[PDB]
$ cat target-v5.txt   # compact mmCIF, N, CA, C and O atoms
# COMPACT_ATOMS: atom_id res chain seq x y z
N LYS A 528 98.81 132.80 103.49
CA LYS A 528 97.78 131.81 103.78
C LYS A 528 96.45 132.44 104.19
O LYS A 528 96.34 133.66 104.34
N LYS A 529 95.43 131.60 104.37
CA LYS A 529 94.12 132.01 104.84
C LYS A 529 93.86 131.36 106.20
O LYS A 529 94.75 130.75 106.80
N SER A 530 92.63 131.51 106.68
CA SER A 530 92.23 130.89 107.94
C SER A 530 90.77 130.46 107.82
O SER A 530 90.02 130.97 106.99
N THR A 531 90.39 129.51 108.67
CA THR A 531 89.07 128.92 108.63
C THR A 531 88.63 128.60 110.05
O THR A 531 89.46 128.41 110.94
N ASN A 532 87.32 128.57 110.26
CA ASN A 532 86.77 128.22 111.56
C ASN A 532 87.19 126.81 111.96
O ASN A 532 87.54 125.98 111.12
N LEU A 533 87.14 126.55 113.26
CA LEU A 533 87.57 125.27 113.81
C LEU A 533 86.35 124.37 113.99
O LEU A 533 85.37 124.76 114.63
N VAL A 534 86.42 123.17 113.42
CA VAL A 534 85.37 122.17 113.56
C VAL A 534 85.90 121.04 114.43
O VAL A 534 87.09 120.71 114.41
N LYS A 535 85.01 120.45 115.22
CA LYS A 535 85.38 119.40 116.15
C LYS A 535 84.43 118.22 116.01
O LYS A 535 83.29 118.37 115.56
N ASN A 536 84.92 117.05 116.41
CA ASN A 536 84.14 115.81 116.44
C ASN A 536 83.67 115.39 115.05
O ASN A 536 82.64 114.73 114.91
N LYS A 537 84.42 115.75 114.01
CA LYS A 537 84.19 115.27 112.66
C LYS A 537 85.53 115.00 111.99
O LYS A 537 86.46 115.81 112.12
N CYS A 538 85.64 113.88 111.28
CA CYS A 538 86.88 113.53 110.60
C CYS A 538 87.14 114.54 109.49
O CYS A 538 86.37 114.62 108.53
N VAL A 539 88.22 115.30 109.62
CA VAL A 539 88.53 116.40 108.70
C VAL A 539 90.02 116.44 108.41
O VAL A 539 90.84 115.84 109.12
N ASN A 540 90.37 117.16 107.35
CA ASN A 540 91.75 117.51 107.07
C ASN A 540 92.13 118.75 107.86
O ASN A 540 91.34 119.69 107.99
N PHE A 541 93.35 118.77 108.39
CA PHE A 541 93.85 119.92 109.12
C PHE A 541 95.26 120.25 108.68
O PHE A 541 96.06 119.37 108.33
N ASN A 542 95.57 121.55 108.71
CA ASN A 542 96.89 122.10 108.40
C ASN A 542 97.21 123.10 109.51
O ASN A 542 96.89 124.29 109.40
N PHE A 543 97.84 122.61 110.57
CA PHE A 543 98.20 123.43 111.73
C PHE A 543 99.66 123.86 111.58
O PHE A 543 100.58 123.09 111.85
N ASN A 544 99.86 125.11 111.14
CA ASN A 544 101.20 125.71 111.05
C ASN A 544 102.14 124.86 110.20
O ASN A 544 103.30 124.65 110.55
N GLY A 545 101.63 124.37 109.07
CA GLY A 545 102.41 123.53 108.19
C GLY A 545 102.35 122.05 108.49
O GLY A 545 102.86 121.25 107.70
N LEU A 546 101.74 121.66 109.61
CA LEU A 546 101.57 120.26 109.97
C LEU A 546 100.27 119.77 109.34
O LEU A 546 99.19 120.19 109.74
N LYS A 547 100.39 118.89 108.35
CA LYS A 547 99.24 118.37 107.62
C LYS A 547 98.80 117.04 108.20
O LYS A 547 99.63 116.23 108.63
N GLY A 548 97.49 116.80 108.21
CA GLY A 548 97.00 115.53 108.70
C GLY A 548 95.51 115.37 108.45
O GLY A 548 94.83 116.31 108.03
N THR A 549 95.03 114.16 108.71
CA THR A 549 93.62 113.83 108.59
C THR A 549 93.18 113.10 109.85
O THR A 549 93.79 112.10 110.23
N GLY A 550 92.14 113.61 110.50
CA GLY A 550 91.67 113.00 111.72
C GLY A 550 90.58 113.83 112.36
O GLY A 550 90.08 114.80 111.78
N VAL A 551 90.23 113.44 113.58
CA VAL A 551 89.19 114.10 114.36
C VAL A 551 89.84 114.75 115.58
O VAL A 551 90.75 114.19 116.19
N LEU A 552 89.38 115.96 115.89
CA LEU A 552 89.94 116.79 116.95
C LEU A 552 89.00 116.81 118.15
O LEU A 552 87.78 116.84 118.00
N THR A 553 89.59 116.78 119.35
CA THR A 553 88.81 116.70 120.58
C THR A 553 89.44 117.60 121.63
O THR A 553 90.65 117.84 121.62
N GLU A 554 88.60 118.11 122.54
CA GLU A 554 89.11 118.87 123.67
C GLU A 554 90.01 117.99 124.53
O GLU A 554 89.76 116.79 124.70
N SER A 555 91.07 118.59 125.07
CA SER A 555 92.11 117.85 125.77
C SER A 555 92.21 118.30 127.22
O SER A 555 92.01 119.47 127.54
N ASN A 556 92.53 117.35 128.10
CA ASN A 556 92.78 117.62 129.51
C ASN A 556 94.27 117.67 129.83
O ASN A 556 94.63 117.75 131.01
N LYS A 557 95.13 117.61 128.83
CA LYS A 557 96.57 117.67 129.05
C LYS A 557 96.99 119.07 129.49
O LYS A 557 96.30 120.06 129.23
N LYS A 558 98.13 119.14 130.17
CA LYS A 558 98.69 120.40 130.65
C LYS A 558 100.06 120.60 130.01
O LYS A 558 100.95 119.76 130.18
N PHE A 559 100.22 121.69 129.27
CA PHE A 559 101.49 121.99 128.64
C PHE A 559 102.26 123.02 129.47
O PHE A 559 101.87 123.39 130.58
N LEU A 560 103.36 123.50 128.92
CA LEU A 560 104.24 124.50 129.51
C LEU A 560 104.46 125.60 128.49
O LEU A 560 104.29 125.38 127.29
N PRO A 561 104.83 126.81 128.94
CA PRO A 561 104.86 127.95 128.01
C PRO A 561 105.82 127.78 126.84
O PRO A 561 105.68 128.48 125.83
N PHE A 562 106.80 126.88 126.94
CA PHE A 562 107.78 126.69 125.88
C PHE A 562 107.48 125.47 125.01
O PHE A 562 108.36 125.03 124.26
N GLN A 563 106.27 124.93 125.10
CA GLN A 563 105.89 123.75 124.33
C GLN A 563 104.79 124.10 123.34
O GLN A 563 103.96 124.98 123.58
N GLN A 564 104.79 123.39 122.21
CA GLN A 564 103.79 123.59 121.16
C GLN A 564 102.96 122.35 120.88
O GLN A 564 101.75 122.46 120.69
N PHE A 565 103.57 121.17 120.86
CA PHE A 565 102.84 119.93 120.63
C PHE A 565 103.54 118.78 121.33
O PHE A 565 104.70 118.88 121.74
N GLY A 566 102.82 117.67 121.46
CA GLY A 566 103.33 116.46 122.07
C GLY A 566 103.48 115.33 121.06
O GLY A 566 103.20 115.46 119.88
N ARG A 567 103.94 114.19 121.58
CA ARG A 567 104.25 113.05 120.73
C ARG A 567 104.00 111.76 121.49
O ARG A 567 104.01 111.72 122.72
N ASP A 568 103.78 110.69 120.73
CA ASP A 568 103.60 109.34 121.25
C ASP A 568 104.90 108.55 121.08
O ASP A 568 105.96 109.11 120.76
N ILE A 569 104.82 107.24 121.30
CA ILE A 569 106.01 106.39 121.24
C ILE A 569 106.63 106.43 119.85
O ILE A 569 107.86 106.43 119.71
N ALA A 570 105.81 106.47 118.80
CA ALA A 570 106.29 106.41 117.43
C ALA A 570 106.56 107.79 116.85
O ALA A 570 106.63 107.94 115.62
N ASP A 571 106.75 108.79 117.70
CA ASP A 571 107.05 110.17 117.28
C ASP A 571 106.07 110.67 116.23
O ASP A 571 106.45 111.19 115.18
N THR A 572 104.79 110.50 116.51
CA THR A 572 103.71 111.11 115.74
C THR A 572 102.92 112.01 116.67
O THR A 572 102.72 111.67 117.85
N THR A 573 102.48 113.16 116.17
CA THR A 573 101.83 114.14 117.02
C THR A 573 100.48 113.64 117.51
O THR A 573 99.73 113.00 116.77
N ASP A 574 100.17 113.93 118.77
CA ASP A 574 98.87 113.63 119.35
C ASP A 574 98.15 114.84 119.92
O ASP A 574 96.91 114.83 119.93
N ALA A 575 98.85 115.86 120.38
CA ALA A 575 98.24 117.07 120.91
C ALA A 575 98.84 118.28 120.21
O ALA A 575 100.04 118.33 119.98
N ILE B 720 99.52 58.76 149.20
CA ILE B 720 98.78 59.22 148.02
C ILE B 720 99.20 60.65 147.74
O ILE B 720 99.02 61.53 148.58
N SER B 721 99.76 60.88 146.55
CA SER B 721 100.34 62.17 146.22
C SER B 721 99.63 62.80 145.03
O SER B 721 99.14 62.11 144.14
N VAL B 722 99.57 64.13 145.04
CA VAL B 722 98.95 64.91 143.98
C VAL B 722 99.99 65.88 143.42
O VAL B 722 100.63 66.61 144.19
N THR B 723 100.14 65.89 142.10
CA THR B 723 101.14 66.70 141.43
C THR B 723 100.47 67.53 140.34
O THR B 723 99.46 67.12 139.76
N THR B 724 101.03 68.70 140.06
CA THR B 724 100.46 69.65 139.12
C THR B 724 101.34 69.76 137.88
O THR B 724 102.57 69.87 137.98
N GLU B 725 100.71 69.74 136.71
CA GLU B 725 101.40 69.96 135.44
C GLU B 725 100.66 71.02 134.64
O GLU B 725 99.43 71.07 134.65
N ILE B 726 101.41 71.88 133.95
CA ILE B 726 100.85 73.00 133.20
C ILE B 726 101.30 72.88 131.74
O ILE B 726 102.49 72.67 131.47
N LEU B 727 100.35 73.00 130.81
CA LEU B 727 100.68 72.90 129.40
C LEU B 727 99.97 73.96 128.57
O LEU B 727 98.73 74.07 128.64
N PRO B 728 100.69 74.76 127.79
CA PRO B 728 100.03 75.72 126.90
C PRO B 728 99.32 75.01 125.76
O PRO B 728 99.71 73.92 125.33
N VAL B 729 98.26 75.65 125.27
CA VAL B 729 97.44 75.05 124.22
C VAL B 729 97.31 75.98 123.02
O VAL B 729 97.63 75.60 121.89
N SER B 730 96.85 77.21 123.26
CA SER B 730 96.50 78.12 122.18
C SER B 730 97.41 79.35 122.20
O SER B 730 98.34 79.46 123.00
N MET B 731 97.12 80.28 121.29
CA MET B 731 97.93 81.48 121.10
C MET B 731 97.02 82.59 120.59
O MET B 731 96.01 82.32 119.94
N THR B 732 97.40 83.83 120.88
CA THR B 732 96.58 84.97 120.49
C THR B 732 96.61 85.17 118.98
O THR B 732 97.61 84.90 118.31
N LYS B 733 95.49 85.65 118.45
CA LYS B 733 95.30 85.83 117.01
C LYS B 733 95.40 87.30 116.66
O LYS B 733 94.71 88.14 117.26
N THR B 734 96.23 87.62 115.67
CA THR B 734 96.50 89.00 115.29
C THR B 734 96.20 89.23 113.81
O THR B 734 96.22 88.30 113.00
N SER B 735 95.91 90.49 113.49
CA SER B 735 95.69 90.93 112.12
C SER B 735 96.39 92.26 111.90
O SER B 735 96.45 93.09 112.81
N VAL B 736 96.92 92.45 110.70
CA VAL B 736 97.71 93.62 110.36
C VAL B 736 97.15 94.26 109.10
O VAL B 736 96.55 93.59 108.25
N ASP B 737 97.33 95.57 108.99
CA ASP B 737 96.94 96.34 107.81
C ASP B 737 98.18 96.94 107.17
O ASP B 737 99.00 97.56 107.86
N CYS B 738 98.33 96.74 105.86
CA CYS B 738 99.52 97.21 105.16
C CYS B 738 99.59 98.73 105.12
O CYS B 738 100.54 99.34 105.61
N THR B 739 98.58 99.35 104.50
CA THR B 739 98.65 100.77 104.17
C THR B 739 98.72 101.63 105.42
O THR B 739 99.45 102.63 105.45
N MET B 740 97.97 101.27 106.47
CA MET B 740 98.00 102.06 107.69
C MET B 740 99.38 102.03 108.33
O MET B 740 99.88 103.06 108.80
N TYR B 741 100.02 100.86 108.36
CA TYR B 741 101.33 100.75 108.99
C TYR B 741 102.40 101.44 108.16
O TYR B 741 103.22 102.20 108.70
N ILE B 742 102.42 101.20 106.85
CA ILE B 742 103.50 101.72 106.02
C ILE B 742 103.27 103.18 105.67
O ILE B 742 104.16 104.02 105.82
N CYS B 743 102.07 103.50 105.19
CA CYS B 743 101.78 104.84 104.69
C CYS B 743 101.03 105.69 105.72
O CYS B 743 101.51 106.77 106.09
N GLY B 744 99.88 105.23 106.17
CA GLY B 744 99.10 105.97 107.16
C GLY B 744 98.04 106.83 106.50
O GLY B 744 97.22 106.34 105.72
N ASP B 745 98.05 108.13 106.81
CA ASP B 745 97.04 109.07 106.34
C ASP B 745 97.49 109.90 105.14
O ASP B 745 97.01 111.02 104.95
N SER B 746 98.39 109.36 104.31
CA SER B 746 98.88 110.05 103.13
C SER B 746 98.52 109.24 101.89
O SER B 746 98.91 108.07 101.78
N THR B 747 97.78 109.87 100.97
CA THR B 747 97.34 109.17 99.77
C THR B 747 98.48 108.96 98.79
O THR B 747 98.51 107.95 98.07
N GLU B 748 99.42 109.90 98.72
CA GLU B 748 100.53 109.78 97.77
C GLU B 748 101.36 108.54 98.06
O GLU B 748 101.79 107.84 97.14
N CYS B 749 101.60 108.24 99.34
CA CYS B 749 102.31 107.02 99.69
C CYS B 749 101.53 105.78 99.25
O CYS B 749 102.14 104.80 98.82
N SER B 750 100.21 105.81 99.35
CA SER B 750 99.41 104.67 98.90
C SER B 750 99.54 104.48 97.39
O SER B 750 99.71 103.35 96.90
N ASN B 751 99.45 105.57 96.63
CA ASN B 751 99.59 105.48 95.19
C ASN B 751 100.98 105.03 94.78
O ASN B 751 101.15 104.39 93.74
N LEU B 752 102.00 105.35 95.59
CA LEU B 752 103.34 104.89 95.29
C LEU B 752 103.51 103.41 95.67
O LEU B 752 104.20 102.66 94.97
N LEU B 753 102.87 102.99 96.76
CA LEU B 753 102.98 101.62 97.24
C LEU B 753 102.18 100.64 96.40
O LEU B 753 102.44 99.44 96.45
N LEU B 754 101.20 101.13 95.63
CA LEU B 754 100.43 100.24 94.78
C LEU B 754 101.28 99.60 93.68
O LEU B 754 100.82 98.65 93.04
N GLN B 755 102.50 100.09 93.46
CA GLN B 755 103.35 99.65 92.36
C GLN B 755 104.56 98.85 92.84
O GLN B 755 105.65 98.97 92.28
N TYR B 756 104.39 98.02 93.87
CA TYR B 756 105.47 97.17 94.35
C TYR B 756 105.18 95.69 94.20
O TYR B 756 106.00 94.95 93.64
N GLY B 757 104.04 95.22 94.70
CA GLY B 757 103.73 93.80 94.61
C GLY B 757 102.50 93.45 95.42
O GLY B 757 101.66 94.31 95.70
N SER B 758 102.41 92.17 95.78
CA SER B 758 101.28 91.62 96.51
C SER B 758 101.75 90.91 97.77
O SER B 758 101.34 89.79 98.08
N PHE B 759 102.65 91.56 98.52
CA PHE B 759 103.09 91.01 99.80
C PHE B 759 101.95 90.95 100.81
O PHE B 759 101.95 90.09 101.70
N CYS B 760 100.97 91.86 100.68
CA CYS B 760 99.86 91.89 101.62
C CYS B 760 99.05 90.60 101.56
O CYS B 760 98.59 90.11 102.60
N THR B 761 98.87 90.04 100.37
CA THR B 761 98.15 88.78 100.25
C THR B 761 98.87 87.67 101.00
O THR B 761 98.24 86.88 101.71
N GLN B 762 100.20 87.60 100.86
CA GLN B 762 100.96 86.58 101.58
C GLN B 762 100.85 86.75 103.09
O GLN B 762 100.62 85.78 103.82
N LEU B 763 100.99 87.99 103.57
CA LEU B 763 100.89 88.24 105.00
C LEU B 763 99.51 87.86 105.53
O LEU B 763 99.39 87.20 106.57
N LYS B 764 98.46 88.26 104.81
CA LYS B 764 97.10 87.95 105.24
C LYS B 764 96.85 86.45 105.25
O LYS B 764 96.22 85.93 106.17
N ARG B 765 97.35 85.74 104.23
CA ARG B 765 97.16 84.29 104.20
C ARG B 765 97.85 83.62 105.38
O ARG B 765 97.26 82.74 106.02
N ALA B 766 99.08 84.03 105.68
CA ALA B 766 99.79 83.43 106.81
C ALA B 766 99.06 83.68 108.12
O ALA B 766 98.89 82.76 108.94
N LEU B 767 98.61 84.92 108.33
CA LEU B 767 97.94 85.24 109.59
C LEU B 767 96.61 84.50 109.71
O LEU B 767 96.26 84.03 110.80

$ encode --input "target-v5.txt" --output "structure tokens"
Amino acid sequence: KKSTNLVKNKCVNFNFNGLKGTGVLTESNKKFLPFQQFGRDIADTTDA
Amino acid sequence: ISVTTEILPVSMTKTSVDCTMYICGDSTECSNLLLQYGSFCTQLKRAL
């Protein structure tokens, strides 16, 4: 694969480690743990 | 001389739904596949 700079606050396509999606990315105030990679909402769709 | 209270509902909240966002979401291939089923969306929209 290749790599590309990170853009924020614009609706874009993203491919994070095989996770494909379309949306806008924003800085987060959430706190994770060293054994976690991403979070989920009620409908088991990624949010962070 | 007595005063009594009665309560009666009148109205109800109004909702609207989107087909493609709920069923497919952010994937175009699902939309192109769903275009070949029917016109259930028209019926749902008319009822709502």

$ interface_residues --input "target-v5.txt" --of "chain B" --to "chain A" --cutoff "8 Å" --atoms "only N, CA, C and O atoms" --output "PyMOL selection string"
chain B and resi 744-746

$ select_by_dssp --input "target-v5.txt" --residues "chain A" --states "strand (DSSP E)" --output "list in words"
residues 539, 540, 541, 542, 543, 546, 547, 548, 549 and 550 of chain A

$ residues_near_point --input "target-v5.txt" --point "(92.7, 116.4, 118.9)" --cutoff "7 Å" --atoms "only C-alpha atoms" --output "PyMOL selection string"
chain A and resi 551-554+574-575

$ atom_distance --input "target-v5.txt" --atom1 "atom N of residue 739 (chain B)" --atom2 "atom N of residue 760 (chain B)"
8.7 Å

$ atom_distance --input "target-v5.txt" --atom1 "CA of residue 537 (chain A)" --atom2 "atom O of residue 573 (chain A)"
16.2 Å

$ atom_distance --input "target-v5.txt" --atom1 "CA of residue 734 (chain B)" --atom2 "atom N of residue 767 (chain B)"
8.3 Å

$ decode --input "target-v5.txt" --residues "chain B" --atoms "C-alpha atoms" --output "mmCIF file, in the first residue's frame"
data_model
loop_
_atom_site.group_PDB
_atom_site.id
_atom_site.type_symbol
_atom_site.label_atom_id
_atom_site.label_comp_id
_atom_site.auth_asym_id
_atom_site.auth_seq_id
_atom_site.Cartn_x
_atom_site.Cartn_y
_atom_site.Cartn_z
ATOM 1 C CA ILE B 720 -69.005 23.115 43.954
ATOM 2 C CA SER B 721 -66.439 20.651 42.620
ATOM 3 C CA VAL B 722 -63.665 20.903 40.025
ATOM 4 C CA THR B 723 -62.388 17.832 38.172
ATOM 5 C CA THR B 724 -59.520 17.354 35.717
ATOM 6 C CA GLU B 725 -59.588 15.400 32.447
ATOM 7 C CA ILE B 726 -56.648 14.798 30.089
ATOM 8 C CA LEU B 727 -56.955 13.920 26.403
ATOM 9 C CA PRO B 728 -54.236 13.387 23.773
ATOM 10 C CA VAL B 729 -54.669 15.207 20.479
ATOM 11 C CA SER B 730 -51.622 15.030 18.205
ATOM 12 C CA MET B 731 -48.597 12.836 17.515
ATOM 13 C CA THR B 732 -44.983 13.375 16.494
ATOM 14 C CA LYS B 733 -44.164 13.486 12.777
ATOM 15 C CA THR B 734 -41.318 11.358 11.410
ATOM 16 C CA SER B 735 -39.498 10.933 8.104
ATOM 17 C CA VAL B 736 -37.252 8.088 6.948
ATOM 18 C CA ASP B 737 -34.614 7.675 4.238
ATOM 19 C CA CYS B 738 -34.315 4.350 2.420
ATOM 20 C CA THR B 739 -30.733 4.323 1.161
ATOM 21 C CA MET B 740 -29.140 5.703 4.328
ATOM 22 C CA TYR B 741 -30.856 3.126 6.540
ATOM 23 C CA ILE B 742 -30.413 0.087 4.294
ATOM 24 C CA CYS B 743 -27.150 0.844 2.474
ATOM 25 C CA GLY B 744 -25.484 3.878 4.059
ATOM 26 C CA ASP B 745 -22.165 5.100 2.640
ATOM 27 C CA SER B 746 -21.674 2.306 0.066
ATOM 28 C CA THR B 747 -22.519 2.977 -3.579
ATOM 29 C CA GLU B 748 -22.524 -0.696 -4.597
ATOM 30 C CA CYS B 749 -25.399 -1.400 -2.210
ATOM 31 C CA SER B 750 -27.326 1.507 -3.750
ATOM 32 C CA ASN B 751 -26.785 0.177 -7.272
ATOM 33 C CA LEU B 752 -27.932 -3.254 -6.091
ATOM 34 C CA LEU B 753 -30.978 -1.837 -4.271
ATOM 35 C CA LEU B 754 -32.104 0.117 -7.335
ATOM 36 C CA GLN B 755 -33.280 -3.218 -8.812
ATOM 37 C CA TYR B 756 -35.921 -4.279 -6.263
ATOM 38 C CA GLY B 757 -38.968 -2.014 -6.446
ATOM 39 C CA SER B 758 -40.628 1.193 -5.278
ATOM 40 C CA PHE B 759 -41.298 0.490 -1.603
ATOM 41 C CA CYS B 760 -39.834 3.910 -0.796
ATOM 42 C CA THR B 761 -42.729 5.652 -2.540
ATOM 43 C CA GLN B 762 -45.243 3.719 -0.428
ATOM 44 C CA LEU B 763 -43.377 4.468 2.807
ATOM 45 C CA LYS B 764 -43.075 8.165 1.963
ATOM 46 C CA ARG B 765 -46.759 8.414 1.044
ATOM 47 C CA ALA B 766 -47.848 6.786 4.309
ATOM 48 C CA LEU B 767 -45.604 9.017 6.416
#
